[PDB]
Amino acid sequence: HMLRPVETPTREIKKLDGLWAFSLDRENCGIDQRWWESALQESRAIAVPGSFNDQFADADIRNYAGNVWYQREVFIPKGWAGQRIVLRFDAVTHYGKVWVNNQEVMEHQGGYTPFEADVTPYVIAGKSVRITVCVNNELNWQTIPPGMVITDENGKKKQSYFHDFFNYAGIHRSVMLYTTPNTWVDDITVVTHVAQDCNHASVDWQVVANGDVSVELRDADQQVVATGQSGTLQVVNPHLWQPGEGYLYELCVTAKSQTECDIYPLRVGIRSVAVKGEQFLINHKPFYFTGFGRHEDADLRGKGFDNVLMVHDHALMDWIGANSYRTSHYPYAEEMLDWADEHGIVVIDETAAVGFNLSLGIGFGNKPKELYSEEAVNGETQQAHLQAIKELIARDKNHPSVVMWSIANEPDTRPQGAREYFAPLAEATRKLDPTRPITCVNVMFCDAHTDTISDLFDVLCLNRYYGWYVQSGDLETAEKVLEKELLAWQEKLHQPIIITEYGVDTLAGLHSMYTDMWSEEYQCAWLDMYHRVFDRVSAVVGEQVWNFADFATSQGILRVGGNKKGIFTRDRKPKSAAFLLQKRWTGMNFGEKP
Amino acid sequence: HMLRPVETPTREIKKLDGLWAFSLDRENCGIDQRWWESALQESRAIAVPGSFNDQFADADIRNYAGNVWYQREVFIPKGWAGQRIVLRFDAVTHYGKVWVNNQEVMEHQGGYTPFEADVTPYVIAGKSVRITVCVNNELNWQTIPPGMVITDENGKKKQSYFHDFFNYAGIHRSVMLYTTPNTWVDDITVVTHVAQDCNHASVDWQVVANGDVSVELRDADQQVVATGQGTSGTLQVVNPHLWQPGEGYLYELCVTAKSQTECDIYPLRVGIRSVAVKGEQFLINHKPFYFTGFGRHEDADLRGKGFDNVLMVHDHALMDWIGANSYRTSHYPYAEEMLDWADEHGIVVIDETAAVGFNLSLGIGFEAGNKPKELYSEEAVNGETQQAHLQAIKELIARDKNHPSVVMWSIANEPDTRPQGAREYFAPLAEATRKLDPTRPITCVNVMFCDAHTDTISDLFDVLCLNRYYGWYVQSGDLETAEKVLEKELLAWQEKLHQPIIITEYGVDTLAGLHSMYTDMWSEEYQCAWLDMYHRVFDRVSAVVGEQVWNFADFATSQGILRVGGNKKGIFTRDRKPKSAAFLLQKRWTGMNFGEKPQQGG
Ligand SMILES: O=C(O)[C@H]1CNC[C@@H](O)[C@@H]1O
Ligand SMILES: O=C(O)[C@H]1CNC[C@@H](O)[C@@H]1O
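Residues numbered from 1 in each chain as written, not as in the entry; some residues may be left out. Chains lettered and ligands numbered in written order. Part of a larger assembly, values for the part shown. Heavy atoms only, no water.

Participant: How should the overall build of chain A be read in this particular structure?
Facilitator: Along chain A, the regular secondary structure elements total eight helices and 30 strands. The C-alpha radius of gyration of chain A comes to 24 Å, within 12% of the 25 Å expected for a compact globule of 594 residues. In terms of its C-alpha atoms, chain A occupies a principal-axis envelope of roughly 70 × 70 × 45 Å. When each of the 594 residues of chain A is scored for burial, the buried share is 63%. Side chains of chain A carry 55 positive and 79 negative charges; the gap between the two charge centres is 1 Å. (Helix = DSSP H or I, 4+ residues; strand = E, 2+ residues; numbered from the N terminus. Rg over C-alpha atoms; globule rule 2.2 N^0.38 Å. Buried < 20%, exposed > 50% of the residue type's maximum accessible area, 1.4 Å probe, protein only. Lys, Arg positive; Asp, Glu negative; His and termini not counted. Charge placed at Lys NZ, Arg CZ, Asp CG, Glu CD.)

Participant: How should the overall build of chain B be read in this particular structure?
Facilitator: Scanning chain B for helices and strands turns up eight helices and 33 strands. Here chain B has a C-alpha radius of gyration of 24 Å; the compact-globule value for 602 residues is 25 Å, and the two agree. Counting only C-alpha atoms and orienting by the principal axes, one finds that chain B spans roughly 70 × 70 × 45 Å. Counting all 602 residues of chain B, 64% fall into the buried class. Of the contacts made within chain B by residues no fewer than 6 positions apart, 72% connect residues no fewer than 24 positions apart. Of the roughly 22600 Å² that chain B leaves accessible, carbon and sulfur atoms contribute 50%. For chain B, the distance from the average position of its 55 positive side-chain charges to the average position of its 80 negative side-chain charges is 2 Å. (Contact = heavy atoms within 4.5 Å. Areas by Shrake-Rupley, 256 points an atom, 1.4 Å probe, with all protein chains shown as cover.)

Participant: Help me understand the domain arrangement of chain B, please; the structure alone is not making it clear to me.
Facilitator: Accessible area lost upon the coming together of the parts is a frequently used measure of interface size. Taken domain by domain, chain B holds domain 1 (12-180), domain 2 (185-275) and domain 3 (276-591). Taking the mean C-alpha position of each, domain 1 of chain B and domain 2 of chain B sit 36 Å from one another. (Domains from an automatic or database assignment.)

Participant: Sorry, what's going on with the nonpolar core here?
Facilitator: Nonpolar side chains in soluble globular proteins generally cluster together in the buried interior. Counting residues in hydrophobic clusters, the biggest one holds 134 residues, and the most contacted among them are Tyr 70, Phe 89 and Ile 131 of chain A together with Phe 294 and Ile 571 of chain B. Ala 333, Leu 371 and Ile 497 of chain A together with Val 74 of chain B belong to the second largest nonpolar core, which has 130 residues in total. (Core = buried A, V, L, I, M, F, W, Y, C linked by side-chain atoms within 4.5 Å.)

Participant: Looking at this structure, I do not really get the environment of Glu 410 of chain A. What am I missing?
Facilitator: Residue and element names in this part refer to chain A. Tracing the backbone shows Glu 410 in the loop between β26 (402-409) and α5 (418-432). Judged by its relative accessible area of 12%, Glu 410 is buried. Taking C-alpha positions, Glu 410 is 25 Å from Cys 524, a pair spaced 114 residues apart along the chain. If we skip the residues at most four places from it in the chain, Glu 410 touches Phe 356, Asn 357, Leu 360, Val 441, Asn 442, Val 443, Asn 463 and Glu 501. Polar side-chain contacts of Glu 410 include one of 2.9 Å to the side chain of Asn 463. (Polar contact = N/O pair within 3.5 Å; in protein donor to acceptor, adjacent residues only side chain to side chain.)

Participant: Can you walk me through the state of the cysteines in this structure?
Facilitator: Two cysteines joined by a covalent bond between their sulfur atoms form a disulfide. Tallied over the full model, the rule gives zero disulfides over all chains. No disulfide involves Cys 29 of chain A; its nearest neighbouring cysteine sulfur is the one of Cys 134 of chain A, lying 11 Å away. Unpaired in terms of disulfides, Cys 29 of chain B finds its nearest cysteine sulfur in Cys 134 of chain B, a separation of 11 Å. For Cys 29 of chain B, a relative accessible area of 16% corresponds to the buried category. (Disulfide = S-S within 2.5 Å.)

Participant: What's the story with the pattern of salt bridges in this structure? I'm lost.
Facilitator: Pairing of side chains with opposite charge becomes possible as their charged atoms draw close. All names here are of chain B. Summed over all chains, the structure comprises 79 salt bridges over all chains. Among the salt bridges present, the one from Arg 296 reaches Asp 315, with a minimum N-O distance of 2.9 Å. Here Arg 296, found in the loop between β26 (291-295) and α2 (309-322), pairs with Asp 315, found in helix α2; they are 19 residues apart in sequence, far enough to count as distant. In terms of burial, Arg 296 and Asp 315 fall into one category: buried. Through salt bridges with shared partners, one network takes in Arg 4, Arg 88, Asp 90, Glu 116, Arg 269, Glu 336, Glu 337, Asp 340 and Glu 344. (Salt bridge = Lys/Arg side-chain N within 4 Å of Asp/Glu carboxyl O.)

Participant: What's the story with the sheet that holds strand β8 (residues 95-100) of chain B in this structure? I'm lost.
Facilitator: Note on sheets: strands pair through backbone hydrogen bonds, and any given pair is parallel or antiparallel. Residues and elements named next belong to chain B. On the basis of which strands lie adjacent, the open sheet formed by six strands has the order β3-β2-β5-β11-β8-β9 and antiparallel pairing. Because the sheet does not close on itself, it has two edges, and the strands there are β3 (44-46) and β9 (104-109). Sheet twist, expressed as the mean angle between neighbouring strand axes with direction ignored, is 25°. Across three bridges, strand β2 (residues 20-24) lies against β3 in antiparallel orientation. Following the sheet pairing, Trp 20 is matched in β3 by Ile 46. (Pairing = 2+ DSSP bridges. Axes fitted to C-alpha atoms, helices over the stretch in contact; angles between N-to-C directions.)

Participant: What is the right way to look at the interface of chain B and chain A in this model?
Facilitator: Between chain B and chain A, the residue contacts involve 37 residues of the former and 37 residues of the latter. Three residues stand out in chain B for area buried against chain A, namely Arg 11, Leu 302 and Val 310 of chain B, and they jointly supply 19% of the buried area on that side. Applying the counting rule to chain B against chain A returns two salt bridges. Across the salt bridge formed by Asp 308 of chain B and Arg 301 of chain A, the nearest N and O atoms sit 2.7 Å from each other. Taken together, the links from chain B to chain A amount to four residue pairs in polar contact. (Buried area = accessible area lost by both parts, 1.4 Å probe.)

Participant: Explain a negative patch on the surface here, please?
Facilitator: All names here are of chain A. Judged by side-chain charge, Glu 370, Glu 374, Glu 375 and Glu 380 come together as a negatively charged surface patch. Secondary-structure assignment places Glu 375 in the loop between β25 (346-350) and α4 (379-396). Assessed through its relative accessible area of 47%, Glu 375 is described here as partly exposed. (Patch = residues over 30% accessible without salt bridge, like charges linked within 9 Å, V, L, I, M, F, W, Y side chains within 5 Å.)

Participant: Where do I start with the site of ligand 1 in this structure?
Facilitator: All names here are of chain A. Ligand 1 sits among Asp 164, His 329, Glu 410, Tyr 465, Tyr 469, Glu 501, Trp 546, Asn 563 and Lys 565. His 329 has a polar side-chain atom sitting 2.9 Å from an oxygen atom of ligand 1. Between ligand 1 and the protein, one listed contact pairs an oxygen atom with a side-chain N or O atom of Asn 563 at 3.2 Å. Its free accessible area being 290 Å², ligand 1 has 96% of it covered by the protein chains. Of the residues in the shell around ligand 1, the class split is three nonpolar, two polar and four charged. (Near = heavy atom within 4 Å. Nonpolar A, V, L, I, M, F, W, Y, C, P; charged D, E, K, R; others polar.)

Participant: Help me out: how do you make sense of the site of ligand 2 in this one?
Facilitator: Residues and elements named next belong to chain B. Within the structure, ligand 2 sits among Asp 164, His 331, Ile 364, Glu 414, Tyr 469, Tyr 473, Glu 505, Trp 550, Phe 555, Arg 563, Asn 567 and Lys 569. Take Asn 567: an N or O atom from its side chain is 2.7 Å from an oxygen atom of ligand 2. Contact with the protein chains covers 95% of the free accessible surface of ligand 2, which is 290 Å².

Participant: Would you take a moment to explain unusual backbone geometry for this structure?
Facilitator: Note: most peptide bonds trans; most residues except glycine with negative phi. In this structure, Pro 145 of chain A follows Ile 144 of chain A across a cis peptide bond, with omega equal to 0°. Among the structural elements, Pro 145 of chain A can be located in the loop between β9 (128-136) and β10 (147-151). The backbone of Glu 410 of chain A shows a phi angle near 50°, a positive value even though the residue is not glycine. Notably, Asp 197 of chain B is not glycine yet its phi reads approximately 75°, a positive angle. Following the sequence through the fold, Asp 197 of chain B ends up in the loop between β16 (185-193) and β17 (200-208).

Participant: I would appreciate a short explanation of the sheet that holds strand β6 (residues 84-89) of chain B in the present structure.
Facilitator: Residue and element names in this part refer to chain B. Taken together, the four strands give an open sheet; going across it, the order is β1-β15-β6-β10, and neighbouring strands pair in antiparallel fashion. Two strands close off the open sheet at either side, each with one partner strand: β1 (12-14) and β10 (115-118). Within the sheet, the average angular offset between the axes of one strand and its neighbour, ignoring direction, is 20°. Summarising the sheet, β6 and strand β15 (residues 175-180) pair through six bridges and their orientation is antiparallel. Bridge assignment links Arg 84 to a residue of β15, and that residue is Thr 180.

Participant: How do you make sense of the pairing of strand β11 (residues 128-136) of chain B when you look at a structure like this?
Facilitator: Every regular strand shows the same layout, with side chains that alternate between the two sheet faces. Residue and element names in this part refer to chain B. Within β11, eight of the nine residues are buried, leaving the element largely enclosed by the surrounding structure. Bridge count for strand β5 (residues 67-75) against β11 is nine bridges, and the pairing is antiparallel. By the bridge assignment, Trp 69 is partnered in β11 with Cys 134. Bridging between β8 and β11 involves six bridges; their strand directions are antiparallel. In the sheet register, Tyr 95 faces β11, and the bridge partner there is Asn 136.

Participant: I tried to follow the packing of aromatic side chains on my own but got confused; where do I start?
Facilitator: How two aromatic rings sit relative to each other is given by the distance of their centres and the angle of their planes. Applying the stated criterion to the full structure yields 65 aromatic pairs over all chains. Measuring from ring centre to ring centre gives 5.0 Å for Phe 552 of chain B and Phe 572 of chain B, while their planes differ by 40°; the resulting arrangement is tilted. Here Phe 572 of chain B lies in the loop between β33 (544-549) and α8 (581-591) and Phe 552 of chain B lies in the loop between β33 and α8, a separation of 20 residues in the sequence. Both residues of the pair, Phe 552 of chain B and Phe 572 of chain B, count as buried. Pairwise contacts between aromatic rings join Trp 20, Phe 22, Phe 52, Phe 56 and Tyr 70 of chain A into one cluster. Its end group placed over the ring of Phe 166 of chain B, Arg 62 of chain B keeps NZ or CZ at 4.1 Å from the ring centre. (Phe/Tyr/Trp six-rings, centres within 6.5 Å; stacked < 30°, edge-to-face > 60°. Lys NZ or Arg CZ within 6 Å of the ring centre and 35° of its normal.)

Participant: Explain the packing of helix α7 (residues 524-538) of chain B against α8 of chain B to me, please; I cannot follow it from the model alone.
Facilitator: Residue and element names in this part refer to chain B. Axis separation between α7 and α8 bottoms out at 9 Å; the angle between their running directions is 25°. One finds that α7 runs roughly parallel with respect to α8. The interaxial crossing formed by α7 with α8 has right-handed handedness. Together, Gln 527, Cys 528, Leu 531, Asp 532 and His 535 of α7 and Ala 581, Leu 584, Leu 585 and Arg 588 of α8 make up the contact between the two elements. (Parallel < 35°, antiparallel > 145°, perpendicular 65-115°, else oblique. Left-handed = near helix turned anticlockwise from the far one by under 90°.)

Dropping the structure here:
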């Protein structure tokens, strides 16, 4: 059960003061000596939220593998006596264990979604409370994403993994205490059915075993459009949420007990999404995706959320004419999807299940020789995977801006076990939520004649790098390979085709008369050639450029101080292909394919 | 009366949530049609804290001159019934006017120090209250810093100013509502006297509004070491753990404000430390100290001068790594988080007002008009510029009075002191500052072309602060001639004043990546040679007790043929990557013993 806390007759004290106390645990004796009982000795100030890696300009902290300890004091507001008090972490990347003054509150494996707990019997209103959080950043074969910790014969752990971005960790998002009465709306699901945009229904389902519920549908002018009294349904008149506007009704659910009362406001976007034939229909009209795969990657904070960075990246995506993006390779911060709700941005929401593939040269030992096996990606990783889809859906269900779930990124689907693995996951997800199409984004070398699993999904998502990783430098042959491959998919599946990734590394400042790789002239010619090919194949309904910005990776001979396929630098300065994308994307009609 | 909000039987609701509503006012009718009365129209989301300029990647918001509108709703807690509620803005840059549901509560001009208002009579506990703020970013001759707003024929205003950083504006630090009981400690002043490091007296004086006071002084182990009574006139005798550069041991002063019915307790951090200028030495706890480090800026990539916690932790990691022990709040007061950090980690800090650009002889700044023909006149820098300047000195001292890390007040930065009337202006504010805070030495930072033969006002101050660029702006490229000019100038300054000499700005513009076998201007090799030549001169002049490299990091300036996308004299880049010179400084500042002048050897 998860909703984003709001303020009303429910309160919140945001505890991301910044400046917790922080210390490594190189000897792995924190839990044994129970460091949560006292103040951490030999600690230093750390900023919350933000990754602990890049915060101290220290190579030993940055590449650290083990447990790290956060700690902070905080006075509980005296006006909270007799309320339910919830300690919420919006994200603790990979693993957290929480103590409130010698008492353990909660522990969570899965570093991108919230976890909260009821802390009433362990705090008294008005006195100071100590919170210790033991964060762990290790990946093994049953974490999402997977990884492999290797120890030397001397005892220092080095982490290996199989995805392209760097393995930042720490407290990445909001820690907050929020209160609620002891009669409290705990969960609301709303499904919205449309059919020629003139009168449509909002089925309701909501759970609070603590009180009886009234529901009342407000509009943007705070005037009531419908009312009902769990398992509700309301019928309404026309003004849909559309990728242009993003008109949001606001549905206040009241939970009445005789003694107490609780009001929770949930914003509803009224619209439909459905795949038919080769079309991706938003409110029964075909839609053409444009935009980026992104990353939560910033200069000094790592993957730490930041409001200024959010406003400025959306100013850039607005200027460049993108209507859509994909939360590439892990669930994003919540405010991202709240912003897309208000501004009508289409989002592909995606689980952290990346790196199920031992055949890439990206992302940092001796790896197992068959991927699907006990040794790696066994039954326990399948259920850990499924738990990640449950948590992601449970968090983002009501968001209108999420038009599609992506259960995994670039899995190796050639060995079997790939289908024996992904078939139950696609079916569990489809029943967890049937209001949105389902996809799995497919890696390049699993071409149309080789991949095993994409007929279990609704939309086909392709990451193609012809002219980069294969046919390197030759736009002409890469053109012909590209335009032979997507026609091959179209005949095979007759599904909508989104190219969720296409991009080439580009050094900001490298200019060439010869249009060769790494130069800005090549990123321009490359993107345009992919565009010529997209426009001639009817089945492609979306383009998303690989990354919007340069981002940090693990060290390697293939990554010049990071992944450089950005349209913008890590500084968010535009490479000269930003004006290529702005000109094409804003010249087209909104949401419609050239 | 100014105090840092703390949480001890007192509560705060940080309204920094960012994502306020934001709107410009190009027709300048927001005051006319009463924009605070309803929700801002055609607004957009803005992050707070943070300058508004670089946030939307649009030049016409960036160079906007006029009023900006922020707006936000906030639910006010039920359990603050019998409590006093205060709305506080730790910085609204330049001018800010606030409305609490159609009622103006506050108004402030001064972009870098906090202002607050008591909001109890217009707030209902439990109901949502809407907060509208009108911010202005204009500078005239009686603002600090000064400037000239230039109207074209169509009413579009362009701001010209005379300082070398961009004029970022908006709500730059943290906006909060906090409580207090209706009996409350409103101001504390603490002075600490040192007598050869064995026993000392902490003069206390407190202005509680509404109660008798006891004080209690606790150590780092929270054990009581001294008690006292009375609204003031508390002086406590210790056998102490001094606040030292390097460690920064902080006692704790618990001030009790007890009335008949209510109670209020405020914990103020107290560093036991004495600062004194004796001879050509700057003594901290009666020992000669050598400053190393930086002039800084509150400047980052997309938040402008917006405060940020990751950025503060990382920059202190770097300043600790490179061996710096000091810095100067270059050109405006910094956030209090910065000076609280310096208090904890024993970092020596020169505090500075915003009085920069009292000089119309520099190519620095924005030149979008015609500058006045005389700086010290009724048209520019008049008696009201002097009162605004005094006001800025009082607010600055009123906030940082008890920070042990502050060792000096900087009244102004590089004023032009050749014209008569520079002393008619600066003498009264120098004595008024000494009457505001007589426990810390006083300085004014001296511009390069006011040499020892020409400067008129430096004898009014305790420490001589120099900004020199020989071999850059003059004798360009010529290291061997520059060495002679610099050593001649520094020996002249010492002989004329016999004050301590801190070089608060020396640096050269340096493109990261530009390398040269000829050690040319703008190359990383030049930066290195230039810094090291300056260092050989310093080490030969006894009166020099400090070196502060001009900037820690590259920062944004206004457009001009002298500023390649900003000022590039940083040791680090804007995204905090080290230039070659960073390893030069690290070898010097970590090779010296801590806090002591290199004896011309190694
Ligand atoms: O090679 C690339 O740049 C991309 C290929 N597909 C997956 C991405 O994580 C990766 O970054
Ligand atoms: O020109 C420079 O680089 C510096 C000269 N002295 C004043 C500073 O504000 C300025 O940044």
